[PDB]
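As a starting point, one isolated chain is supplied in structure tokens, in the form solved without the DNA.
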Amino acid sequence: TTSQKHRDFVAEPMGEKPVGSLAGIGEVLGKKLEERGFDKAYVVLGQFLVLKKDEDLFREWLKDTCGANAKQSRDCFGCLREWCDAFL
């Protein structure tokens, strides 16, 4: 199942939404992503796409980059995957 945060993200183009609009990305993860250059949601989408939507590699990259746990990275992957199914 899904959070409302997920459903809100997948419902519409992301535009310039901050990285914190992604399901799974809370205040702490968002800071660390911003610290490393991923300040907008679309930059994380960029990494998802460069990695050819590979779940294992994206979730591992997120853990290595901002410390996401398994639930957080599951949530973030799922929200980007569903967004892409609707808009890409």
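Quick note: we count residues from 1 along the sequence shown, nothing fancier.
There is another form of the same protein, the form deposited with the DNA bound; it is not shown, and what comes next is about it.
In the bound PDB entry, the DNA stays beyond 4.5 Å of every heavy atom belonging to residue 56. None of the heavy atoms of residue 17 is located within 4.5 Å of the DNA in the bound PDB entry. Among residues of the shown chain, residue 78 is not one whose heavy atoms approach the DNA to within 4.5 Å in the bound PDB entry. The DNA in the bound PDB entry comes within 4.5 Å of no heavy atom belonging to residue 46. Taking the DNA as it sits in the bound PDB entry, the stretch 1-30 comes within 4.5 angstroms of it through a non-hydrogen atom at 3, 4, 5, 23, 24, 25, 26, 27, 28, 29, 30.
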